[PDB]
Amino acid sequence: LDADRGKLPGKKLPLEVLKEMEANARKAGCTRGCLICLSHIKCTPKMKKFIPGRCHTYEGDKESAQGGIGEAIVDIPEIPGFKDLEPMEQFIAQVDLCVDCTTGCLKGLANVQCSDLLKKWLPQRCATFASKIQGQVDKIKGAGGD
């Protein structure tokens, strides 16, 4: 009946699969055009909250290569007031610069379609073995915010 209602929190995919597709992108050999799709993307404190899974961009230094230059750039001149829009939108906006996105790079994104990791998360339509995560019995079941 919930399906009919249309309300079903948890639609967003888990951070576990997020790493899988991002990892494949690196394997693909994306060009500088899309390397910014991940290298230049820096998640804000709100970005993480709405998009769990942290970021693997890294400042590229143990402490800081050079503070004056400014590690990781989020402010894109193309984006008009990215701060005005929500962080989720902000993410797309930063990578939006990849207009030269190579097909090979794109292939990596679709490469996780039959990945062993994505396989357990995605039943049939590939493995055809009708398999899925066994699930966990250790659930926090916390009250959460109010």
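Residues numbered from 1 in each chain as written, not as in the entry; some residues may be left out. Heavy atoms only, no water.

Its PDB header names solution NMR as the technique used to obtain the model.

**Q** Looking at this structure, I do not really get the environment of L13. What am I missing?
**A** Looking at where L13 falls in the secondary structure, it is placed in the loop between α1 (2–5) and α2 (15–28). Measuring from C-alpha to C-alpha, the distance between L13 and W121 comes to 9.4 Å, with 108 residues separating the pair along the chain. (Helix = DSSP H or I, 4+ residues; strand = E, 2+ residues; numbered from the N terminus.)

**Q** Got a minute to help me understand the state of the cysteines in this structure?
**A** Between two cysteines, a covalent bond joining their sulfur atoms is known as a disulfide. For the structure on display, the rule yields 5 disulfides. Bridging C43 to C55, the disulfide has an S-S length of 2.0 Å. Residue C43 is located in the loop between α3 (32–35) and α4 (45–50), and its partner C55 is located in the loop between α4 and α5 (87–95); the two are separated by 12 residues in the primary sequence. Residue class for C43 comes out partly exposed when judged on its relative accessible area of 24%. For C98, the disulfide goes to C101, at an S-S distance of 2.0 Å. With the S-S dihedral at roughly 140°, the linkage between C98 and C101 falls on the right-handed side. On the basis of relative accessible area, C98 is assigned to the buried category, the value being 10%. When the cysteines engaged in disulfides are numbered in sequence order, the chain pairs them as 1-8, 2-3, 4-5, 6-7, 9-10. (Disulfide = S-S within 2.5 Å. Buried < 20%, exposed > 50% of the residue type's maximum accessible area, 1.4 Å probe, protein only.)

**Q** What should I look at first to understand α2 in this one?
**A** Every α-helix carries 3.6 residues per turn, so stepping three or four residues along brings you back to the same face. Here α2 is 14 residues long and its end C-alpha atoms lie 20 Å apart, about the 20 Å a rise of 1.5 Å per residue gives. Taken together, the buried positions of α2 are occupied by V17, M21, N24 and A25. Each buried residue of α2 sits inside an arc of 105° when the element is viewed along its axis, so together they form one side. Exposed residues on α2 whose side chains face more than 90 degrees from its buried face are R26 and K27. Among the residues trailing α2, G29 stands out with phi positive, at a value near 95°. (Expected span 1.5 Å × (residues − 1). Arc of directions from axis to C-beta.)

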